[PDB]
Structure formats: C-alpha cells, structure tokens
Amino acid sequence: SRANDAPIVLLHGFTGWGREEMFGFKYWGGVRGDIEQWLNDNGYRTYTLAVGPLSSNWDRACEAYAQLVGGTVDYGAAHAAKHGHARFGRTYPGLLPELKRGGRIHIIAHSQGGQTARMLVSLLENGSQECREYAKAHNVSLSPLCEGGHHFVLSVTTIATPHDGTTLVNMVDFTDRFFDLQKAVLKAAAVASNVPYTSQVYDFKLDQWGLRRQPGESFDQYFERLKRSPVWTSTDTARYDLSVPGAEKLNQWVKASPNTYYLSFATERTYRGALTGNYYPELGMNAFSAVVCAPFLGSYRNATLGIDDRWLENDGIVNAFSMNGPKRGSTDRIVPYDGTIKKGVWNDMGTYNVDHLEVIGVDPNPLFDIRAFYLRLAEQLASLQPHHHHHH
C-alpha cells in the first residue's frame, strides 16, 4: 500500500557524476544498468542529483538545493569568506519545481551522499545561525537555505554512509590511493586516466574553487593538481568530512529532523581471521579495494581516535560500524528495524553482504539482486505514512 507519491532523488558520494557524463555509464547502476530508469519504469518517479564529488558536504548541500528548486548556487557569505572560495556558483534550471509548491521528496543516498542528505535536511529546516548572523552584521544577503522553515523532505535513506567517518583517511598514502580510487571508477566506466579527452567526461564541479581540467590535460595530470589544491588541503572538503574527526564535527550540528524518516543500510564484504582479529576482503570484492584499502580498514586500530575492533568489518571503503547512523558527537536515535518504520530516528535496516561499489552496480556481483533491492526499497518509501496514531 502506497501511502505517498513523492519522488525519489538519488545522491552519490565522493565519486559521482550526472547522467550525461561518463559516456552514459551510470553511477546509479554501473555495469548492472540504470537504477533510475528501473524505478521510473516500475511507477516510482525518480531523479538524479550530481554535485561536487570532492567538495564539502556544505558545498554539496548548497548545490543540491539549487539543483532542486532552480537558481544560482549560493554557498553563503560567512562560509565563503571563512574558506576563501566563491560565494556564487553555477546556475541550475531546477529539477523539481513542485518543491516550492508544497511537494516533498525521498532522498536515497550512497556513501558520503548520506552526510550530504542529512545536512540538506538540517539546513532546510533550521538554516544556519552563523550564516544568518554574518549577514545581519555585514549587510549581505542570505540564501533561503540559511533561513530555515522549509518542508521539503519526507525521508532520507543512506547506503554505505560513513556517518562516523571512515578510517580510510588514516592511510599513510591516502592522498595517492584516494585518487587511484577515482581512476578505478573511471576504469569501470571504460574511461582512461592518461588521455586528454576534449569532452568533459567527469566534471568535478569545482567552480567555487576555480578549478577545472584544462585542454590537453589527462585525468592523471588533473588529479595531480587537485591533490595540491584547496579541495584537498582545506577543511572545506570531502576529505575532512570523511575523516573520523570531521564526521564528528558534522554530527555535532547535523541532527535528524522529527519531520523526516531516516533509513540506514550497511554494507560488508569481509571475513574475520582467527589468529589476528582483523578483517579481510572476501573473494569478489572490487579489485581496487581488495588490494589497496580493505587490508588497512580491517587492521587499523587507534585508541585515541576511538578505533577499536568494532570498526574492522568493512565494505572495502567504509567501516561497517560507521554506517547505521551518526553516533560520534551525535544525539540522533537509532533503532533496529522491527517491521515498523519510525519517524525522526534512524531505522537501522541491517547489514548487507555487498561491497561499496557493488551496491550501486559499479562493480559486478551476480549474486546481488540489485533491481530487487532498489525496488523493495522504493516500495518501502512509497509506503511511508504522513502520520500515525497510537494503538495497542
């Protein structure tokens, strides 16, 4: 029973690109196909957001808001001044004008997109105090995203999200490995990193930072520049927010809204040793993560940061423990799924035996029925009721 008709909006993580990009190879489906199309085909209106993969959740949230209702992206004057990037970014037609007219949406987010979705909701409802103050004080204008009072989001579903960050960021060679992961994902799309394609192919959307791939520059080369850029060296980055300390900081202000349903899906593609207590990558995990990231994730302990044995189980990219919802520096409630989806709390939907990329189809896994997974999910979302009544 379909209790609602709101559309679904897909939101990628630290890798991701629009439907026209990457020669049509979809982030949402990868080698499996087109998740969006599947859903639409089954009666579930579905759209796709594309925002800065490497940008800070804040940056992304602003981009998302503009992309959704239309308009010129406004990163906030206080923010922009604080971090040293442009206040105004690209312009968007707007995907869903129904939003300004009282319609709502369901957001389905992968990886870091989960952090972004949460933030979007928080800003939409509550705005930003810092933002508002600075405006009043300096006589500058404010985006409605900073004011609050919106009623746009019915639910948020996160999949393989580092709510509490990912120890991946602690690798000695994280900078280089992280970009190799981007190269990996290009590779998946049948796209080379040593070729100076004239077409855009994969736009990092770094307009605020004044960065873009140049004529004659390969992705390898471009990445070499990015590594030394503010989108990697500043705190206003995905790098920072993805870290354990960064995620905590974000958790301190990004709270679950009582007017919104939250569903959390975890992922794991590992086994435990006996002699070590470490977690190891399972056969089938994506090649990149199996060699380069999983070993580390499955063995990295840090008493100070709070990284114990609980954090070892991983999906090749994110520690499973981080995925059920924000906990580090968080007041949000998390409840194990009991058949009943509850509002204003993290409905912990459990852990699935799929890797970070398999779950979106970017890496194959013939044993994972992806279509069924998204379809079951869509039905869940579409079943969500406006309100409830106590009963025995």
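All residue numbers refer to positions in the sequence shown, first residue = 1.
> Take the C-alpha B-factors listed in the entry for 100-108 and for 301-309, compute each mean, and give the stretch with the larger one.
Going by the record's values, the stretch with the higher mean is 301-309.
> Check the entry's C-alpha temperature factors for 291-299 and 273-281, then say which stretch has the higher mean.
For C-alpha atoms only, the mean B-factor is higher in 273-281.
> Name the residue from 344, 52, 29, 326 with the greatest C-alpha temperature factor listed in the entry.
Answer, based on the entry's C-alpha B-factors: 344.
> Can you tell me which of 319, 143, 161, 286 has the maximum CA B-factor listed in the PDB entry?
Highest C-alpha B-factor among the listed options: 143.
> For the chain shown, is the CA B-factor of residue 183 in the lowest, middle or highest third of its modelled residues?
Residue 183: CA B-factor falls in the highest third of its chain.
> Comparing against every modelled residue in the chain, figure out the third that the C-alpha B-factor of residue 45 lands in (lowest, middle or highest).
Its C-alpha B-factor, which the entry lists for residue 45, ranks in the middle third among residues of this chain.
> Among all modelled residues of this chain, ranked by Cα B factor, put residue 336 in the bottom, middle or top third, i.e. lowest, middle or highest.
It falls in the middle third of the chain.
> Sorting the chain's CA B-factors, does residue 352 end up in the lowest, middle or highest third?
According to the entry, residue 352 has a C-alpha B-factor in the chain's highest third.
> By the record's CA B-factor, is residue 69 among the lowest, middle or highest third of residues in the chain?
It belongs to the middle third of the chain when residues are ordered by C-alpha B-factor.
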